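Some notes on the structure that comes next.
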Amino acid sequence: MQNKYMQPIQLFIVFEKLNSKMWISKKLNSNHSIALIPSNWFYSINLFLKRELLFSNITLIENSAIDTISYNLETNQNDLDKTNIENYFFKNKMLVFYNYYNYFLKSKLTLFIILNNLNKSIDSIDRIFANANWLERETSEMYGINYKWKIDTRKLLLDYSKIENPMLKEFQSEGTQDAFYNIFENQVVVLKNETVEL
Amino acid sequence: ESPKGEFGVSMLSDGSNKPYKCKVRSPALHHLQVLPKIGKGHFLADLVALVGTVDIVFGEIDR
Amino acid sequence: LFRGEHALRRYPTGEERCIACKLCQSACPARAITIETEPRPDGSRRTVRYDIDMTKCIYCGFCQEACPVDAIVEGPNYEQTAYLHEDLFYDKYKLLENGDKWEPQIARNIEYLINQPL
Amino acid sequence: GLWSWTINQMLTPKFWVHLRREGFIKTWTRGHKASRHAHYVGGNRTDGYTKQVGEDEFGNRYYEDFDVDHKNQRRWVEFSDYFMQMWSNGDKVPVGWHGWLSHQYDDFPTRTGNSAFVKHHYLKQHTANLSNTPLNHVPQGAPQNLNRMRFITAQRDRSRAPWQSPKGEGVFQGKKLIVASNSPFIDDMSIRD
Amino acid sequence: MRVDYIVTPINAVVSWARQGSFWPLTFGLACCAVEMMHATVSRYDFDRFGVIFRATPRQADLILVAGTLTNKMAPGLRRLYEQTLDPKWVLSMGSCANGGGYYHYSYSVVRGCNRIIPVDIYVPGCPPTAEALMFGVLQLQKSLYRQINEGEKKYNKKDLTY
Amino acid sequence: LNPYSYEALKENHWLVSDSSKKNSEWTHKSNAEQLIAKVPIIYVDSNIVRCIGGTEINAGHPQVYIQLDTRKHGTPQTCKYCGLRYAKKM
Amino acid sequence: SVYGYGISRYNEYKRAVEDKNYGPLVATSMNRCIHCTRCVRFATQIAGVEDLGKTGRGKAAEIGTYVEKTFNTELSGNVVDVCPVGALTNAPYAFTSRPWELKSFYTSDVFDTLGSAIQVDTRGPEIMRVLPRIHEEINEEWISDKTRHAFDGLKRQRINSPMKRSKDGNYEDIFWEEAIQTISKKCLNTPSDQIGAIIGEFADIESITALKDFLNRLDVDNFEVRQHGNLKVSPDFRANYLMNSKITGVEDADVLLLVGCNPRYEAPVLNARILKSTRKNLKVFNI
Amino acid sequence: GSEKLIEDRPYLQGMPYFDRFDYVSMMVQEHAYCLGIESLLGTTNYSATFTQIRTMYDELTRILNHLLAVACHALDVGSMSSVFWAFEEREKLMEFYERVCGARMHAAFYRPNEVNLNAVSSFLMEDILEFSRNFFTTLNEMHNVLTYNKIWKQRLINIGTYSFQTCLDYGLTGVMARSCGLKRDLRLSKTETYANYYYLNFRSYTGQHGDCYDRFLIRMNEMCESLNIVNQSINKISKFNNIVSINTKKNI
Amino acid sequence: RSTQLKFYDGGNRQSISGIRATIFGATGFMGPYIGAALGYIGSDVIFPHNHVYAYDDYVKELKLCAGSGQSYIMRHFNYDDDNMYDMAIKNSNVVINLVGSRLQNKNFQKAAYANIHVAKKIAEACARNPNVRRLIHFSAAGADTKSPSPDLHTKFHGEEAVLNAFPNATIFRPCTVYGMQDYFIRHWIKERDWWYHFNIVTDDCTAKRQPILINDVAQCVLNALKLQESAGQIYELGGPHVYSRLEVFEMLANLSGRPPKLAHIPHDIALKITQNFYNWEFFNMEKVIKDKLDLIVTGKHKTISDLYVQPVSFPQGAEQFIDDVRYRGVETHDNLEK
Amino acid sequence: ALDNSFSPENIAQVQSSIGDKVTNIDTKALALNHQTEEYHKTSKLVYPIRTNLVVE
Amino acid sequence: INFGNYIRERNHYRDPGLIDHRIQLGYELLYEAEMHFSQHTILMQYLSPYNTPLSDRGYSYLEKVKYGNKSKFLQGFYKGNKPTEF
Ligand SMILES: NC(=O)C1=CN([C@@H]2O[C@H](COP(=O)(O)OP(=O)(O)OC[C@H]3O[C@@H](n4cnc5c(N)ncnc54)[C@H](OP(=O)(O)O)[C@@H]3O)[C@@H](O)[C@H]2O)C=CC1
Ligand code: SF4
Ligand code: SF4
Ligand code: SF4
Ligand code: SF4
Ligand code: SF4
Ligand SMILES: [Zn+2]
Ligand SMILES: [Zn+2]
């Protein structure tokens with residue numbers, strides 16, 4: 001609208017075995033296209049993106065995940081159709097989204113992947129985009145995502161000697177432990193926490 | 001276009017008075033990530049100068 | 001407009017302005033305000049507890065904007081440094097005496113701010 | 001605190017006018033009451049000294065000089081207590097003078113006449129920071145409070161008031177123990193007619 | 001009794017000196033650190049009151065906690081406090097340090113730096129203006145000046161302490 | 001009169017009263033009840049009175065309207081924001 | 001907020017209404033009434049009382065009783081839940097709480113032998129209010145006043161620790177171990193035929209199962225010591241002592257015969273159901 | 001754990017968290033959050049755009065951030081005095097914050113659909129123009145101890161050099177992307193502009209070597225262009241022409 | 001009077017145990033540990049003190065024994081006014097007295113003031129207040145009415161006075177307590193570091209000791225509070241084994257690798273010099289006098305086993321406190337990495 | 001305590017009750033202000049801007 | 001043996017991908033321990049005994065003597081699960 005736009009349809013032309021599901025919205029920028037991608041083709045798709053002409057001049061802008069196991073419409077429950085992208089947030093255990101920008105085509109591309117396995121396994125693309133190292137490390141530690149063929153799997157932002165995924169809906173924002181100084185040991189320890197409530 | 005680069009918010013709402021998801025895209029994280037790439041082979045003084053040149057703030061990086 | 005130390009105000013007659021509507025409690029982003037209310041024997045609704053954890057507060061002024069009777073305000077005082085962590089647990093006595101001490105300046109500032117839209 | 005008025009600052013008409021009018025002790029101590037700059041004692045000018053815009057309930061004096069080299073040094077206060085260097089702190093300025101000295105407004109309190117500030121019957125007098133003194137703020141249940149138990153017991157009794165057990169010797173009817181009821185309400189249907 | 005004749009005056013000279021050169025540790029977390037650095041520059045000169053920043057804890061006299069303290073940083077803060085030379089004082093600046101602050105309900109934040117190290121004074125704001133930080137530092141300076149002789153000893157019939 | 005009696009409760013919105021008004025410095029942590037009781041009744045000519053708790057809008061409380069035409073003539077009424085009491089003149 | 005224009009243009013005096021006194025359960029603020037008639041219809045058609053109405057005409061009409069009369073009845077507080085505005089409010093629940101600072105739980109009432117489905121709203125360790133639920137086989141939508149308000153009897157006169165009584169009548173707080181050891185010694189020393197129990201009004205299945213198993217282990221088969229006031233019903237069959245036609249049976253029957261029964265006090269919601277059925281050809285006889 | 005907290009509050013209660021993201025430039029974070037909320041609401045803040053406050057204060061916080069960055073970088077390199085000046089000249093911008101919201105750093109000023117119109121007065125813009133005029137001089141003062149200094153050049157030139165390929169691989173944006181040579185400015189993008197930026201006239205700068213010297217020069221020039229943008233906005237909310245007498249062409 | 005004290009020990013720093021305690025003499029070595037043992041389960045602790053330097057870490061760190069709103073430090077305590085004692089224990093159902101004559105002190109009058117007068121005042125204040133359930137008074141194992149040490153004599157007299165004033169008080173007599181900041185291992189390390197070549201001994205080192213770790217005395221206090229049968233009893237607390245001073249020297253030498261060297265000075269010279277010269281922590285009459293006395297469990301009273309505590313052995317418990325002062329001799333290449 | 005819509009007698013009575021010596025009000029003065037909307041009172045900053053000095 | 005007890009408590013796992021994730025986390029925590037990234041009082045939580053006292057300090061056997069032959073339920077009944085003041 002009032003600008004030149006074209007769908008990224010060549011991606012599904014080259015990958016002939018994939019269904020195509022794309023969205024454009026006025027809540028996004030007028031050059032932003034959202035597409036749905038299966039998990040078992042993500043690495044090959046990123047390989048194609050990194051090198052193909054008019055896609056090679058691309059950068060990875062953002063990466064994150066959505067815990068859709070507790071996603072519920074709170075208002076206007078009768079205004080949902082079969083074409084709404086939020087219709088794909090139901091019954092799906094996990095969602096992962098990647099956002100790239102293309103300088104030649106001056107376009108934003110978001111790709112969505114549905115993870116429906118309990119172990120939450122997906123191939124990493126940090127060997128293709130150098131951005132994905134820290135982004136994927138943070139996503140994996142926050143949401144319990146198991147990334148395969150990753151350069152570095154160590155924790156990025158979480159505390160030492162702890163295993164937890166605080167960004168899951170089951171997790172309470174106050175955690176399960178608190179840090180105190182211990183006189184009997186002359187050093188800091190961690191204890192089960194009792195917290196104030198408003 | 002924040003003074004430190006492209007700063008973004010990607011947020012999904014379920015129709016209530018609270019956001020269901022809010023993710024913050026900060027450029028200081030990417031700059032700190034690239035710092036080892038451009039800092040290898042340099043001296044310690046050069047590393048300090050490079051940390052100065054990348055306008056990184058850890059409230060944005062860590063959040 | 002400076003956001004300093006919190007205070008509870010009074011009407012010119014000496015009556016409390018706060019009617020225990022709990023809008024300021026829900027407006028607080030830091031959850032620093034705790035309020036409990038009982039009917040005063042004369043019938044008016046007043047707080048039996050109104051306290052603010054000043055170590056939780058972010059001094060944002062959302063509570064003074066939410067108040068519909070201008071009861072809770074942020075005063076001009078900033079020299080509120082304390083030696084104990086318990087000196088920053090503000091109860092109703094502390095806020096009331098802060099309002100009773102800083103009332104002239106707060107009144108002048110609020111008068112100008114009110115006249116600004118007019 | 002020697003040379004509160006320097007020799008170069010002396011021989012100035014301002015110094016002699018101040019000494020002739022105010023005296024020696026008041027003039028000399030003006031360099032101790034405020035310690036901004038050597039050339040600023042009594043005001044930046046030389047022909048005369050700055051008239052005080054006002055005074056204080058604790059004796060502090062407030063001056064405003066428009067001939068200062070930087071805009072931020074227009075208004076200042078000289079305290080009545082100047083016992084040591086690093087002795088007078090910023091919490092001693094009262095309410096209206098606080099706003100005047102911080103350049104919030106251009107109004108200042110006056111002892112008598114038409115005032116720009118309200119004077120209600122419930123106003124308290126300004127007090128300095130009372131921390132690290134026996135008059136600090138104590139929460140009602142803190143161990144420092146000698147009457148902490150009245151507050152704790154009431155908070156407990158808000159949702160669970162314990163039953164007062166009989167104490168001492170009592171009256172027995174078989175095995176039941178007889179006491180008077182604790183209800184403050186009146187059972188009017190047993191007294192009505 | 002006679003020793004006091006020498007000790008009581010000299011005490012002042014010991015306090016005055018340590019009140020005249022109060023060197024805090026160069027350590028800042030989050031954005032109370034930015035406010036503190038504002039409080040150090042020429043508009044509010046700590047160097048007027050003999051306050052200059054030293055980078056190592058062995059040369060520091062005051063530890064100034066001026067930001068959020070996470071569970072990842074608590075052992076480091078404890079070590080930094082332990083490795084400072086006595087006598088030392090601790091200033092807690094801002095809400096994140098005085099208590100939990102705006103992150104009191106979080107899973108990775110220490111609910112106040114006084115759970116790890118003792119604190120001598122608290123500065124409440126978020127951020128406390130350079131005005132308020134200077135006020136708190138001056139209050140601490142006066143308190144530590146007076147702290148050497150608070151009248152703990154009793155006076156005998158000769159008006160001599162113990 | 002007994003504050004727990006039927007008449008006292010009925011004429012006090014079914015609450016236990018306090019004539020001394022000195023229980024509220026502990027229960028409600030202030031002496032506002034005494035101060036508001038020190039203010040006499042305002043007698044209004046008309047049947048309805050408008051209260052804003054001040055000289056101007058936004059300095060006080062939202063506009064409220066109090067009926068003075070009562071079942072019993074001249075019964076005073078209390079503003080529910082400020083404690084001021086009004087009655088119809090004669 | 002959702003459907004209105006969002007701003008006003010009315011700039012005149014509003015009408016003011018003097019408040020009425022309905023009793024210690026219902027608080028009135030009649031400036032808020034919108035003349036919706038919900039309270040009148042509830043009182044007439046559900047409660048069965050004819051004390052409410054609309055007197056007057058035009059804008060000056062008023063809702064309520066003509067004379068100074070209390071709204072005394074069971075199921076009175078329910079009218080509050082019917083009124084959409086703050087015109088009628090829960091008088092015990094006055095000014096104490098706000099909706100957003102409450103957590104709700106679903107449970108059932110024990111104050112009357114109808115297990116009314118109820119919702120308990122609490123704030124921290126304090127229970128703040130009780131509301132009705134929807135069941136359509138119990139209490140429909142409504143609860144009695146005792147169910148709604150008598151929960152505040154749990155906040156006082158509470159026993160908070162084990163106690164022992166001396167011969168003179170003095171009570172001393174003791175530990176759990178000492179009390180249990182004393183009772184165990186008494187159980188071991190007392191003959192089987194000298195042991196008895198009394199089953200309380202508020203006794204649940206688990207408690208009675210535990211006590212029955214323990215006393216059976218102690219070779220005790222008596223669970224009453226009171227001489228009179230015992231129910232003369234055999235527990236051999238479930239149909240012996242139960243409501244075989246269920247609560248909804250009052251809708252199914254055409255002739256009801258009460259024998260020593262006062263539904264207005266023992267089950268007010270069942271009384272309302274019977275009233276609804278009698279409006280639909282149900283005949284009631286009483287002995 | 002700020003994102004979890006934001007997910008645990010209503011929308012307005014999480015907005016101050018953005019103030020604590022990148023606490024050197026505060027109102028840009030609020031602007032991004034409010035833009036996201038407005039996009040989810042499908043509306044625009046006309047009161048903010050027709051008053052030019054968002055663009056103006058975005059440029060002011062841009063000057064704040066670049067002042068702090070340049071001063072701290074010079075302090076790290078070894079130039080000690082320059083940090084005292086940028087901090088004095090960023091005290092005036094802190095006063096400008098305090099005059100509209102009552103806070104010096106964490107404004108919490110921008111709102112999704114509300115603008116406190118009464119907080120903005122004409123006397124504030126004149127002081128902003130005074131600040132701009134003196135900021136020219138202070139920026140020249142910082143200019144003549146660093147730009148042509150041999151030690152500064154030998155410390156920053158050909159240090160941390162990279163090209164556009166790395167600049168794409170590592171997702172570099174902003175000043176770093178303009179130093180690698182890429183022309184990427186969101187304000188000047190046709191489909192991605194916001195808050196009056198598309199209808200002003202300012203310049204943006206790109207380097208040709210991709211090193212620390214280019215970034216330093218770009219930051220100084222960006223401060224100057226921010227001054228220019230602020231002047232343009234104040235001109236857009238100004239009334240220049242007056243009424244003149246019919247005869248003699250004399251102003252009334 | 002009632003000695004019952006019901007409390008919940010299954011909580012943490014932010015819980016409510018049910019104990020409100022006042023601890024006297026907490027500006028020494030025991031103080032922080034006893035206060036932490038009480039306040040780590042959610043108790044309220046009050047620390048009255050009159051300390052010469054208020055900025056010393058001996059006062060500030062007492063604030064760490066409990067959380068905010070639970071620990072209070074009462075300053076400028078008179079130790080001579082009955083009103084202050086009443087104010088200190090007004091809302092306390094547990095009182096602990098750790099006041100005692102300090103090692104530097106050699107004056108008999110000051111020793112009596114610390115060990116008898118202050119303890120008597122505390123016990124009398126406890127008797128007046130009817131809400132005090134348990135009082136724990138700390139004494140010495142070798143306390144005796146004919147001891148050459150004024151500290152032990154005055155401590156025996158203080159035991160008598162406390163048991164007279166408050167017949168439901170519990171007396172603890174530790175043998176000798178070691179820890180991070182103690183006068184047993186820390187003094188040994190510092191004396192060897194100052195006298196680089198030797199440790200000074202003024203006797204034949206045949207006196208017997210029964211060391212006990214500081215972490216066990218706190219557990220003993222908690223167990224005594226939990227036990228209602230310990231109300232009016234005297235307990236002597238020591239370690240599992242009894243060693244002579246020479247054996248302790250040898251054990252400390254072997255645990256750290258430092259070769260022992262005990263330079264001997266005759267007893268009378270040391271006594272005269274410590275009598276006629278100024279005394280401080282590392283040079284005083286008390287060390288000279290006590291080095292000839294046995295501080296062990298004598299068996300006349302109840303022992304640590306009656307509190308159901310199993311103390312750790314001295315070699316096992318003292319090893320971690322000398323890790324930094326280990327002898328650096330011939331080591332493997334892998335030991336260079338730390 | 002009361003706006004202009006109230007009679008001057010009522011305003012004066014309330015002000016006397018709350019003990020208001022400052023801002024005196026008379027029935028003649030309050031009658032003119034009764035039922036009247038007016039702007040806030042103002043002052044003037046008169047140029048030249050200078051310092052007030054004491055000399056001779 | 002204590003860490004083996006930890007692993008034994010993790011024996012019921014049957015998803016290989018989850019096990020690979022756990023092995024990655026274990027290697028990460030071991031590397032943190034061996035490079036002084038973590039604190040000893042923090043990392044000792046994985047090496048501490050499950051039902052035995054630590055060897056560097058004494059222990060209390062009071063609750064062993066009083067509740068000698070009593071079952072676990074009785075021991076957990078005599079010792080409450082909440083504070084008793086409130
Ligand atoms: N630790 C050990 O090896 C053993 C200790 N004990 C005894 O246990 C008790 C506690 O032990 P510990 O902490 O190690 O001993 P300390 O000597 O280190 O502490 C003594 C305490 O008593 C105070 N005190 C001393 N003299 C006076 C006085 N005249 N008036 C008021 N207060 C005074 C001190 O405070 P301040 O000086 O600051 O005023 C300090 O708080 C002492 O009585 C000690 O003798 C018994 C056996 C072994
Ligand atoms: S926002 Fe104002 S009126 Fe409401 S409960 Fe708070 S102080 Fe009271
Ligand atoms: S200023 Fe903000 S954070 Fe502080 S009490 Fe008010 S609403 Fe809460
Ligand atoms: S208390 Fe607030 S302003 Fe201060 S450092 Fe913390 S987040 Fe920043
Ligand atoms: S429910 Fe309320 S609005 Fe409706 S008729 Fe009744 S009092 Fe009026
Ligand atoms: S909450 Fe409802 S009934 Fe109450 S006044 Fe407001 S809109 Fe009307
Ligand atoms: Zn009113
Ligand atoms: Zn004797």
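Chains: A, B, ... in order of the structure tokens. Residues: from 1 per chain. Ligands: from 1, in order shown.
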
Check every protein, DNA and RNA residue against ligand 8, keep those with an atom at most 9 Å away (counting only C-alpha atoms and all ligand atoms), and present them as a PyMOL selection string.
chain I and resi 145-146+153-154+156-157

Define the interface residues of chain H facing chain A as those within 10 Å, counting only C-alpha atoms, and report them as a PyMOL selection string.
chain H and resi 1-5+7-8+36-43+164-173+182-184+189-193

For N, CA, C and O atoms, I'd like the residues from the last selection saved as a tab-separated table (two decimals), in the first residue's frame.
```
chain	number	residue	atom	x	y	z
H	1	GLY	N	15.68	-10.19	34.67
H	1	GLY	CA	14.45	-10.82	34.25
H	1	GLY	C	13.34	-9.84	33.91
H	1	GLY	O	12.19	-10.04	34.31
H	2	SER	N	13.67	-8.79	33.15
H	2	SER	CA	12.72	-7.71	32.93
H	2	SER	C	11.58	-8.12	32.01
H	2	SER	O	10.47	-7.61	32.15
H	3	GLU	N	11.83	-9.01	31.05
H	3	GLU	CA	10.78	-9.41	30.12
H	3	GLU	C	9.69	-10.22	30.82
H	3	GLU	O	8.50	-10.04	30.53
H	4	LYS	N	10.08	-11.10	31.74
H	4	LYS	CA	9.09	-11.82	32.54
H	4	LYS	C	8.25	-10.86	33.37
H	4	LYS	O	7.02	-10.99	33.45
H	5	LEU	N	8.90	-9.87	33.99
H	5	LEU	CA	8.16	-8.88	34.76
H	5	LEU	C	7.19	-8.11	33.88
H	5	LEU	O	6.02	-7.96	34.23
H	7	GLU	N	5.80	-9.12	31.17
H	7	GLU	CA	4.69	-10.03	30.92
H	7	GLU	C	3.78	-10.18	32.13
H	7	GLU	O	2.63	-10.61	31.97
H	8	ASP	N	4.26	-9.86	33.33
H	8	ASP	CA	3.45	-10.01	34.53
H	8	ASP	C	2.73	-8.73	34.96
H	8	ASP	O	2.04	-8.75	35.98
H	36	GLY	N	5.02	0.23	19.47
H	36	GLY	CA	4.49	-1.13	19.43
H	36	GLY	C	3.06	-1.21	19.93
H	36	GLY	O	2.21	-1.86	19.31
H	37	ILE	N	2.78	-0.55	21.05
H	37	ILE	CA	1.42	-0.56	21.60
H	37	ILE	C	0.44	0.09	20.63
H	37	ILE	O	-0.67	-0.41	20.42
H	38	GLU	N	0.84	1.22	20.03
H	38	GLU	CA	-0.03	1.91	19.09
H	38	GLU	C	-0.29	1.07	17.85
H	38	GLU	O	-1.41	1.06	17.32
H	39	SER	N	0.73	0.37	17.35
H	39	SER	CA	0.54	-0.52	16.22
H	39	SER	C	-0.43	-1.64	16.56
H	39	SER	O	-1.29	-2.00	15.75
H	40	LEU	N	-0.31	-2.20	17.77
H	40	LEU	CA	-1.28	-3.20	18.20
H	40	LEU	C	-2.68	-2.62	18.34
H	40	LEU	O	-3.67	-3.34	18.17
H	41	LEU	N	-2.78	-1.33	18.66
H	41	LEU	CA	-4.08	-0.66	18.73
H	41	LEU	C	-4.56	-0.14	17.38
H	41	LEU	O	-5.73	0.23	17.26
H	42	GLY	N	-3.69	-0.10	16.37
H	42	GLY	CA	-4.09	0.36	15.05
H	42	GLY	C	-4.31	1.85	14.93
H	42	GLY	O	-5.07	2.28	14.05
H	43	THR	N	-3.68	2.65	15.77
H	43	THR	CA	-3.86	4.10	15.78
H	43	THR	C	-2.50	4.78	15.76
H	43	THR	O	-1.45	4.14	15.73
H	164	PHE	N	31.56	-4.41	4.96
H	164	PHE	CA	30.12	-4.61	5.01
H	164	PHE	C	29.74	-6.07	5.23
H	164	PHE	O	28.65	-6.35	5.73
H	165	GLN	N	30.61	-7.01	4.84
H	165	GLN	CA	30.26	-8.43	4.98
H	165	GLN	C	30.17	-8.83	6.45
H	165	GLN	O	29.21	-9.47	6.87
H	166	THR	N	31.17	-8.45	7.25
H	166	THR	CA	31.08	-8.63	8.69
H	166	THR	C	29.92	-7.81	9.26
H	166	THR	O	29.20	-8.27	10.15
H	167	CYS	N	29.74	-6.61	8.72
H	167	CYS	CA	28.71	-5.69	9.17
H	167	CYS	C	27.31	-6.26	8.96
H	167	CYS	O	26.36	-5.84	9.63
H	168	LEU	N	27.17	-7.23	8.04
H	168	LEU	CA	25.93	-7.97	7.83
H	168	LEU	C	25.90	-9.27	8.63
H	168	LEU	O	24.84	-9.65	9.14
H	169	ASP	N	27.03	-9.97	8.71
H	169	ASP	CA	27.07	-11.25	9.41
H	169	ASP	C	26.76	-11.08	10.89
H	169	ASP	O	26.11	-11.94	11.49
H	170	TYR	N	27.22	-9.99	11.50
H	170	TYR	CA	27.04	-9.79	12.93
H	170	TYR	C	25.92	-8.81	13.26
H	170	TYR	O	25.84	-8.35	14.40
H	171	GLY	N	25.05	-8.51	12.30
H	171	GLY	CA	23.87	-7.71	12.58
H	171	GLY	C	24.16	-6.33	13.12
H	171	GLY	O	23.46	-5.86	14.02
H	172	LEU	N	25.18	-5.66	12.59
H	172	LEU	CA	25.56	-4.34	13.06
H	172	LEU	C	24.66	-3.28	12.43
H	172	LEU	O	24.43	-3.29	11.22
H	173	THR	N	24.15	-2.38	13.26
H	173	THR	CA	23.28	-1.30	12.83
H	173	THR	C	23.73	0.01	13.45
H	173	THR	O	24.55	0.03	14.37
H	182	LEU	N	27.53	1.19	4.93
H	182	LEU	CA	26.13	0.98	4.56
H	182	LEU	C	25.29	2.21	4.87
H	182	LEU	O	25.46	2.86	5.90
H	183	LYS	N	24.38	2.53	3.95
H	183	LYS	CA	23.43	3.63	4.14
H	183	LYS	C	22.16	3.05	4.74
H	183	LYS	O	21.28	2.57	4.02
H	184	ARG	N	22.05	3.10	6.07
H	184	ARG	CA	20.91	2.52	6.78
H	184	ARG	C	20.52	3.48	7.90
H	184	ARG	O	21.18	3.53	8.94
H	189	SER	N	14.08	6.15	6.08
H	189	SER	CA	13.51	5.08	5.27
H	189	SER	C	12.04	5.37	4.97
H	189	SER	O	11.29	5.81	5.84
H	190	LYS	N	11.65	5.11	3.72
H	190	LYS	CA	10.29	5.45	3.29
H	190	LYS	C	9.24	4.64	4.04
H	190	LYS	O	8.22	5.19	4.47
H	191	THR	N	9.47	3.34	4.20
H	191	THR	CA	8.49	2.46	4.81
H	191	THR	C	8.66	2.30	6.32
H	191	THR	O	7.82	1.66	6.96
H	192	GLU	N	9.72	2.87	6.89
H	192	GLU	CA	10.08	2.61	8.28
H	192	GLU	C	10.25	3.88	9.10
H	192	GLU	O	10.73	3.81	10.24
H	193	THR	N	9.88	5.04	8.56
H	193	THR	CA	10.04	6.29	9.27
H	193	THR	C	8.95	6.47	10.32
H	193	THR	O	7.93	5.78	10.32
```

Excluding region 70-83 of chain F and residues on its chain fewer than 3 positions from it, collect all residues at most 7 Å away from it, counting only C-alpha atoms, and give them as a ChimeraX atom specification.
/C:15,19,44 /F:36,53,61,86-88,90 /G:18

Hey, what's within 10 Å of region 134-151 of chain H if we count only C-alpha atoms and toss same-chain stuff fewer than 6 positions away? As a ChimeraX atom specification, please?
/H:63,67,70-71,74,77-79,81-83,85-86,88-90,128,213,216-217,220,223-224,227

Any idea what's packed within 12 Å of residue 4 (chain B), counting only C-alpha atoms, ignoring anything in its chain fewer than 3 positions away? Could you give it as a PyMOL selection string?
(chain B and resi 1+7-8+25-32+53-57+60-61) or (chain H and resi 21-26+28-29+61-66+68-69+172-178+185+215+219+222)

From a DSSP calculation on the backbone, collect every residue of region 59-157 of chain D in strand (DSSP E) and output the set as number ranges by chain.
D: 61-64, 75-78

Residues of chain G within 6 Å of chain D, using only C-alpha atoms, as a PDB file with C-alpha atoms, in the first residue's frame?
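Output file iface-v4.pdb is given in full below:
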```pdb
ATOM      1  CA  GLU G 126      -7.681 -13.443  55.140  1.00  0.00           C
ATOM      2  CA  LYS G 155     -11.716 -15.233  62.553  1.00  0.00           C
ATOM      3  CA  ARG G 156     -12.342 -15.271  66.312  1.00  0.00           C
ATOM      4  CA  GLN G 157     -12.800 -17.605  69.287  1.00  0.00           C
ATOM      5  CA  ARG G 158     -10.300 -19.932  67.617  1.00  0.00           C
ATOM      6  CA  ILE G 159      -8.381 -22.754  69.282  1.00  0.00           C
ATOM      7  CA  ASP G 168      -9.250 -26.053  89.517  1.00  0.00           C
ATOM      8  CA  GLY G 169     -10.133 -25.249  85.897  1.00  0.00           C
ATOM      9  CA  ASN G 170      -6.952 -23.536  84.705  1.00  0.00           C
TER      10      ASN G 170
END
```

Expected answer as JSON, numbers by chain: residues within 6 Å of ligand 1, only C-alpha atoms and all ligand atoms
{"I": [25, 26, 27, 28, 29, 30, 31, 50, 51, 98, 99, 100, 101, 102, 103, 110, 113, 114, 138, 139, 140, 173, 174, 175, 176, 177]}

Enumerate, as a ChimeraX atom specification, the complete set of residues in chain F that a backbone-based DSSP assignment places in alpha helix (DSSP H).
/F:6-10,24-27,32-37

Residues at most 8 Å from region 217-220 of chain I, counting only C-alpha atoms, excluding those fewer than 3 positions away in the same chain, as a PyMOL selection string?
(chain I and resi 33-34+37+174+212-214+223-224+237+304+307+309) or (chain K and resi 59-60)

For ligand 5, collect every residue having any atom at a distance of at most 7 Å from a ligand atom (counting only C-alpha atoms and all ligand atoms); output as a PyMOL selection string.
chain G and resi 30+32-40+63+82-85+87-88
